[PDB]
Amino acid sequence: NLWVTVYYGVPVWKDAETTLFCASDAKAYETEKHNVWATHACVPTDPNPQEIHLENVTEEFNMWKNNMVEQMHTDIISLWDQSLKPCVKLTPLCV
Amino acid sequence: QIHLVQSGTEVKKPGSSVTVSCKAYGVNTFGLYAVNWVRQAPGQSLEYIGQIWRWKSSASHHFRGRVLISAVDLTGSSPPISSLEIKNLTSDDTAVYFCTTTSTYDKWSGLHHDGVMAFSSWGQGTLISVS
Amino acid sequence: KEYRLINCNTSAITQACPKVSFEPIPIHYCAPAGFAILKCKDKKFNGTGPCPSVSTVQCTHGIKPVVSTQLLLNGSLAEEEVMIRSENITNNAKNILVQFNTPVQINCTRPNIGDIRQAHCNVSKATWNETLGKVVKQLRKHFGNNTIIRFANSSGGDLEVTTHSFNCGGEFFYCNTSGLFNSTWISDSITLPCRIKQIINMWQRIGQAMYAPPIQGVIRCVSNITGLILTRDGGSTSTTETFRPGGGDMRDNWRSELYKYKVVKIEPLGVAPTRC
Amino acid sequence: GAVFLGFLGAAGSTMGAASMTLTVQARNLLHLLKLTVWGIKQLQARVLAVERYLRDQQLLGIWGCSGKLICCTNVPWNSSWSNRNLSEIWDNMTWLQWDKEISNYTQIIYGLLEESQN
Amino acid sequence: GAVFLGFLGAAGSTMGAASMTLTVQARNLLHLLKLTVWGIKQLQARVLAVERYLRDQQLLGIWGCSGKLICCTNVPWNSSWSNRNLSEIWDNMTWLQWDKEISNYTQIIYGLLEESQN
Amino acid sequence: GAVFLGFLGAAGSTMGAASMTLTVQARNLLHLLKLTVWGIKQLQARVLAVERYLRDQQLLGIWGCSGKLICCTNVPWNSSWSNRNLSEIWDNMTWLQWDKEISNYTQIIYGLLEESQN
Amino acid sequence: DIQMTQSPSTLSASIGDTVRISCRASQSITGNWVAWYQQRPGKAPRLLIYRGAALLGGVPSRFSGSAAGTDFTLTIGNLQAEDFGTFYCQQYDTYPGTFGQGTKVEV
Amino acid sequence: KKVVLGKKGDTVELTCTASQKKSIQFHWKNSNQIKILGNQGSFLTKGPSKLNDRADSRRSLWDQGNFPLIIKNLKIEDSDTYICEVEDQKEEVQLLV
Ligand SMILES: *[C@@H]1O[C@H](CO)[C@@H](O[C@@H]2O[C@H](CO)[C@@H](O[C@@H]3O[C@H](CO[C@H]4O[C@H](CO[C@H]5O[C@H](CO)[C@@H](O)[C@H](O)[C@@H]5O[C@H]5O[C@H](CO)[C@@H](O)[C@H](O)[C@@H]5O)[C@@H](O)[C@H](O[C@H]5O[C@H](CO)[C@@H](O)[C@H](O)[C@@H]5O)[C@@H]4O)[C@@H](O)[C@H](O[C@H]4O[C@H](CO)[C@@H](O)[C@H](O)[C@@H]4O[C@H]4O[C@H](CO)[C@@H](O)[C@H](O)[C@@H]4O[C@H]4O[C@H](CO)[C@@H](O)[C@H](O)[C@@H]4O)[C@@H]3O)[C@H](O)[C@H]2NC(C)=O)[C@H](O)[C@H]1NC(C)=O
Ligand SMILES: *[C@@H]1O[C@H](CO)[C@@H](O[C@@H]2O[C@H](CO)[C@@H](O[C@@H]3O[C@H](CO)[C@@H](O)[C@H](O[C@H]4O[C@H](CO)[C@@H](O)[C@H](O)[C@@H]4O[C@H]4O[C@H](CO)[C@@H](O)[C@H](O)[C@@H]4O)[C@@H]3O)[C@H](O)[C@H]2NC(C)=O)[C@H](O)[C@H]1NC(C)=O
Ligand SMILES: *[C@@H]1O[C@H](CO)[C@@H](O[C@@H]2O[C@H](CO)[C@@H](O[C@@H]3O[C@H](CO[C@H]4O[C@H](CO)[C@@H](O)[C@H](O)[C@@H]4O)[C@@H](O)[C@H](O[C@H]4O[C@H](CO)[C@@H](O)[C@H](O)[C@@H]4O)[C@@H]3O)[C@H](O)[C@H]2NC(C)=O)[C@H](O)[C@H]1NC(C)=O
Ligand SMILES: *[C@@H]1O[C@H](CO)[C@@H](O[C@@H]2O[C@H](CO)[C@@H](O)[C@H](O)[C@H]2NC(C)=O)[C@H](O)[C@H]1NC(C)=O
Ligand SMILES: *[C@@H]1O[C@H](CO)[C@@H](O[C@@H]2O[C@H](CO)[C@@H](O)[C@H](O)[C@H]2NC(C)=O)[C@H](O)[C@H]1NC(C)=O
Ligand SMILES: *[C@@H]1O[C@H](CO)[C@@H](O)[C@H](O)[C@H]1NC(C)=O
Ligand SMILES: *[C@@H]1O[C@H](CO)[C@@H](O)[C@H](O)[C@H]1NC(C)=O
Ligand SMILES: *[C@@H]1O[C@H](CO)[C@@H](O)[C@H](O)[C@H]1NC(C)=O
Ligand SMILES: *[C@@H]1O[C@H](CO)[C@@H](O)[C@H](O)[C@H]1NC(C)=O
Ligand SMILES: *[C@@H]1O[C@H](CO)[C@@H](O)[C@H](O)[C@H]1NC(C)=O
Ligand SMILES: *[C@@H]1O[C@H](CO)[C@@H](O)[C@H](O)[C@H]1NC(C)=O
């Protein structure tokens, strides 16, 4: 009668909390510290983004429980630790 | 930590209206959650009434035209309030009422099936008698 | 160990301080192969709730790593109205993010005796008043018919949260936003005294840093105030409400530009009946 | 390997319209030292996309459906898996509702599709 | 991905000899800073060849003929497409003459081969 | 392309246990100048593994068995190739013993599998 | 809607006794869309088990559930004194949801 | 709940405690929901109260999860229930002068 039909290309999501890479297009000839960082730690752009507008879907977003904020926060911790090197740090240990 | 709180015990006259409050402590918003109003006649089993999932008020087919279910979000100095209004009371609506809330955030949860929901968190009971 | 007088050796590192340049470029956070980033195209979107106009992109828009307190500089703009976002209104401890629809331009200049620890910032008055009028309209839409009495000064505490701290040209400006927030609301230009301070509190972690003495000449900081960060005052038994500015938690800067997005995993494999 | 986004345009619509959009949107969508690092990172993107595609084709290779966009197998439905008139399947449901509904039967179907190559 | 030239040795000969040569020539044909740039450019050649091969297999994946060097489908000829005795096809013609002759029917055949997977 | 080792765990056991282990172990096993040289050498490992896998799938592409982990062809055994009761084949022998035993018939079987696509 | 039938209508058991309560749908629920609630008297009914056998977070793991298309089986192992209340089975398959009848477990 | 007593003038210490060692955001409030302290990232914010000048916290202990409150110059108007809000553990102590 009727039986299993394996497809491929099915529009089904999940959620993820994964690695997620920077960035835009830096100069790679300058001494601006964001350009030096974005050179040595990120990839260039792609001039053809693919914004697929969806049909009658309804996702429920939650801005305050987003795993994207912590990841760019860690990236900017790296940017500010590599660019603005202080004269003297005072950071505690409390072992 | 939902600590959903309702109003107190009330008694009315037949052929009248009534309103039951439902303050939702610990609820983010009613965009994420969904409120299902349910009731229980004394001794009977639990009878569904209605819902406001995704800000779409809807009642079951037994209760159409008689029941209004409204909601105001967490604004300012008051938690999110749902409210149950019943018009044209009979003497057969004497019952313990409940507002319930369940989370509709995750699609692959299993607590909800396209707006038909299991009732994951409950009120405490609003008894209405009719004389 | 052991046990309340835990050994807090405040270590210190000395490194070289070359005076560096500093101007943040936009950053596009892409998702790898196999993932996708959703996007809310609803112009009046809270931050929570259902968004019906979901689109799908591979990589985000241009996000500037701009670090500031009490004002969101060089950010993005809301499409229709001044939006007000919070994790929990009535908590009185969560930073109310207020996003503007029009940029209020600010000019922080260090001129050229020449008193190297001194600069000033100009905000266009009656462009600022219109912006606070729209903000108070949206706040009354949240709260009712209260008197916003007043937008107060900062309540105190640390130096970097009391003042509009930011970076410009590698120099750290700590302004004074006391004159910019003073108005009760029943239902020319402003000069902000902005020093340059150099024993800073790190925002990266808990610490303090010391920087080089300031630079030779004119420092120009043409910017856009496209945001606010406010808090409230709890109590009491209506009354009027008071919105002292705050900030300092830098993730509140990134819940203003990673606001529209969400990361999903694409699982393309499904099974079904047939009529084979 | 950038056609993973083009799958998602048919979400929200029902299963038959998505099955047509499969074929349609598949046919239509087909020396400084600081620069060699960009070249290597773009190649590590592209080769990773190719390897993820080949792994997805190898998982269809077990079931006798490698390369086929749509295949019709030989594993009969025990009808306790969505005992439903399939007009209602292909007209009243979307794919997210299937991934929710037969989620407790999918490892069983995968085991049967593996075991029916022997 | 250097076997694209080995296809062309059977041009000029007729279609049956080329069909034999398909199987035969398929079985038989299978730290200075200025040097890393050569390594990256040779990898950008090789990965591009692999991606072009995978795209050519995905276009055979729609029609149920991915991986097969020769497949025999289920789309019957409307005989207004080269109404010709097929002895004359496989003996008197070359492939260039087919790409010239049925050029106005080929989008129709591709549409039918796409539609006969549904 | 690191699943070539997972094939070998079923050596020593007989042919049926290895045929089950095929499906099981297939489903389960799925800016300094001196650093760009490491990146290029790791990419030259990975792209070479992908090309060796695609060549191995193209050699299955001649025989109509590309992508299939197990396929059942249409070339009948002349029974002078291991004239043996196949209970003894699938129970008393390992694969090394087959590569030893039918070694003088394997080019014949490959020629027949090529010729039975025409 | 789709009427449920809870069985038995009343039982009683002792402390440490495995109790099996069945719930039978008039249709077949392939998709396990059945919840299970416990109501102590004078309180609100808390949720015990959703999707047939998925156990809620703040629930002791003594319970277990099973689903067989039409028969839904709730199994209590090492029954305690706190677990003496009217149970309910819910079908949340099709709109509107309707509940069971009540298996008043006593001693 | 906890109860901590003081007499006058001297310092007094109240504590939150998280169980993650992560320096997460906390707030110290009173019974009338007036703020007393607030973590903001790795910065300190006081509140518009009578303890605006007299409250303090040890900053270096935040990386070890411990979130103290140190009040100096204990007057008679500083006897009220003080509340940790850390994630959900709304801890309540009561100060006595
Ligand atoms: C983020 O931004 C978001 C926007 O981008 C924002 O989302 C918006 O949130 C606000 C809240 O903040 C939402 O506004 C509320 O919406 C509630 C839901 O309203 C829907 O449903 C009702 C009811 O409809 C039923 O009945 C009508 C009858 O005419 C039928 O036509 C309907 O089909 C439906 O009937 C079905 O269901 C019945 C059972 O209910 C069955 O019986 C029946 O058979 C049917 O099956 C509709 O009226 C609403 O439509 C109205 O609004 C839409 C546009 O929003 C218009 O197009 C439309 O013309 C109508 O005007 C809608 O469909 C509302 O209930 C709620 O209303 C309350 O507040 C408003 C003022 O805001 C009052 O005027 C109103 O009277 C209600 O207040 C009552 O209740 C509150 C407490 O709940 C009391 O405090 C107050 O005193 C008052 O009580 C009085 O009346 C009570 C009963 O009404 C009675 O019990 C009391 O005793 C007393 O008398 C309000 O409008 C808004 O919809 C969201 N919008 C969107 C787009 O999302 C989000 O919040 C932001 N998030 C954050 C975190 O900030
Ligand atoms: C919001 O965004 C806007 C842009 O959209 C940002 O505005 C930019 O701000 C930067 C820095 O504030 C500014 O860059 C300067 O431009 C000047 C005009 O071209 C330059 O003269 C200046 O360069 C001098 O200083 C650099 C740093 O040391 C040196 O490397 C450089 O050689 C120049 O230095 C000369 O003069 C100094 C004087 O002290 C002397 O020390 C040196 O030896 C040398 O003689 C900077 O490049 C941009 O031009 C601004 N863009 C606009 C449009 O205004 C704004 O900062 C953002 N807001 C925030 C908070 O980031
Ligand atoms: C957003 O921020 C607001 C703060 O403004 C939070 O609102 C508070 O939420 C907590 C729970 O999270 C509420 O506390 C609960 O109050 C319940 C009812 O008491 C209220 O109503 C009675 C009767 O009118 C009043 O007398 C009383 O003063 C309160 O107004 C209590 O029943 C709850 O206690 C129960 O649980 C506790 C748990 O510790 C037990 O100890 C008790 O025995 C009992 O079982 C609880 O106390 C609090 O009232 C809310 N306050 C305000 C001002 O709204 C939101 O929770 C927060 N939302 C999010 C998502 O974070
Ligand atoms: C920021 O400016 C304000 C307003 O100029 C300062 O607040 C007080 O202002 C009055 C005049 O309005 C002066 O008489 C006081 O001396 C000012 N200081 C105090 C402590 O009351 C404010 O001090 C300035 N900010 C800083 C950090 O100094
Ligand atoms: C139906 O499927 C759901 C989801 O797979 C199962 O729910 C999980 O059950 C386990 C315990 O067995 C819990 O730890 C999870 O938290 C549950 N939920 C989710 C969302 O994963 C449920 O067990 C299955 N029911 C049946 C009858 O098979
Ligand atoms: C800032 O404002 C003061 C007073 O209006 C004015 O004198 C000064 O020129 C302004 N500076 C700039 C850069 O506009
Ligand atoms: C800010 O500076 C720019 C350029 O100097 C000028 O065009 C603009 O009018 C200034 N705005 C204010 C408010 O001073
Ligand atoms: C700001 O403008 C509003 C009207 O737009 C006016 O009522 C108010 O008095 C002005 N405020 C000041 C401080 O001038
Ligand atoms: C804030 O402003 C008020 C009134 O101008 C002033 O008394 C107070 O000292 C200022 N405080 C701070 C911390 O800026
Ligand atoms: C607010 O402070 C400003 C000075 O920054 C002053 O001119 C104004 O009068 C103050 N308004 C009130 C209501 O105190
Ligand atoms: C300020 O905002 C305007 C809005 O169009 C924008 O054009 C301008 O570039 C912004 N200034 C910056 C980013 O310095």
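Roughly how many debye, to the nearest 20, is the charge dipole of chain G about its Cα centre, given +1 on each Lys and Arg Cβ, -1 on each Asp and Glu Cβ, and no other charges?
140 debye
Equivalent-ellipsoid semi-axes for chain C (Cα gyration tensor, √(5λ), whole Å, largest first): 35, 28, 21.
Couplings 3J(HN,Hα) of the stretch B:78-91, computed from phi: 10, x, x, 10, 9, 8, 10, 10, 10, 9, 6, 5, 10, 7 Hz, in residue order, whole Hz [Karplus 6.51 cos²θ - 1.76 cosθ + 1.60, θ = phi - 60°; x for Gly and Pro]. Rounded to the nearest whole Hz, the Karplus-based 3J(HN,Hα) values (6.51 cos²θ - 1.76 cosθ + 1.60, θ = phi - 60°) of the stretch C:208-215 follow the sequence 9, 10, 10, 10, 5, x, x, 9, with x at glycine and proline. As a calculated quantity, the FRET efficiency between F:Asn118 and E:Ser103 at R0 = 22 Å, using C-beta atoms, amounts to about 0.25.
Summary of the geometry: the stretch C:28-44 and the stretch C:127-150, compared by the centres of their Cα atoms, lie 33 Å apart. Report the far tail of the P(r) of chain H, meaning the percent of Cα-Cα pairs longer than 16 Å. When all Cα pairs of chain H are counted, 51 percent exceed 16 Å. Here the average projected area of the convex hull drawn through the C-alpha atoms of chain B stands at 8.0 nm².
Temperature 37 °C, viscosity 0.692 mPa s: under these conditions the Stokes-Einstein estimate for chain D, based on its Kirkwood radius over C-alpha pairs, is 189 µm² per second. Binning all Cα-Cα separations of chain A at 10 Å, short to long from zero, yields these whole-percent fractions: 10, 25, 29, 19, 10, 5, 2, 0. Computed on the Cα trace of the stretch D:1-41, the radius of gyration divided by the Kirkwood hydrodynamic radius gives Rg/Rh = 1.40. Each other residue within a Cβ distance under 14 Å of B:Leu68 adds +1 if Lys or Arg and -1 if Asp or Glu, for a net charge of +3.
Using Cβ point charges alone (K and R +1, D and E -1), the dipole size of chain H about the Cα centre works out to roughly 180 debye. The alpha-carbon of F:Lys41 sits under 23 angstrom from the alpha-carbons of these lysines, leaving out residues fewer than 8 places away in its chain: D:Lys34, D:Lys41, E:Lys34, E:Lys41. For chain D, the dipole from Cβ point charges (+1 on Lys and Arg, -1 on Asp and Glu) about the Cα centre works out to 640 debye, to the nearest 20. Each of C:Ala93, A:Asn1, D:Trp98 was scored by the projection of its Cα onto the charge dipole of the protein assembly as shown, and the greatest displacement toward the positive side belongs to C:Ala93; charges sit on the C-beta of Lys, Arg, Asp and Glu. Exposure proxy ranking for F:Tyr53, H:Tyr82, based on other Cβ atoms within 10 angstrom of each Cβ and starting from the fewest, stands as F:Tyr53, H:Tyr82.
Ranking C:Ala126, C:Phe45, C:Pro111 by Cα position along the charge dipole of the stretch C:44-132, where only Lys, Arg, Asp and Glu carry charges on their C-beta atoms, puts C:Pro111 farthest toward the positive end. Here is the size of chain G from its Cα atoms: Rg then Dmax, 12.9, 38 Å.
Can you tally the net charge around B:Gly110? Count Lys and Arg as +1, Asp and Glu as -1, for every other residue whose Cβ sits under 14 Å from the Cβ of B:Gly110.
Taking every other residue near B:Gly110 into account, the sum is -2.
The ranking of H:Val86, C:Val98 from fewest to most other beta carbons within 10 Å of each one's beta carbon is H:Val86, C:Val98. Ranked for footprinting exposure by Cβ neighbours inside 10 Å, fewest first, D:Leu5, H:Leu96, C:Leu180 give H:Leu96, D:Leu5, C:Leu180.
Each of F:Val24, F:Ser87, F:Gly111 was placed along the dipole of chain F (beta-carbon charges, centred on the mean Cα), and the one lying farthest toward the positive end is F:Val24.
Summing +1 for each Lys or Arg and -1 for each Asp or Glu among the other residues whose beta-carbon sits under 13 angstrom from that of C:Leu71 gives -2.
Computed over Cα pairs, the Kirkwood radius of the protein assembly as shown leads via Stokes-Einstein (0.890 mPa s, 25 °C) to a diffusion coefficient of 71 µm² per second.
Reconstructed Cβ throughout: ideal geometry from the backbone, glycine too, with neighbour counts over all protein chains shown. A short reminder: the numbers here are calculations on the coordinates, not readings from a lab.
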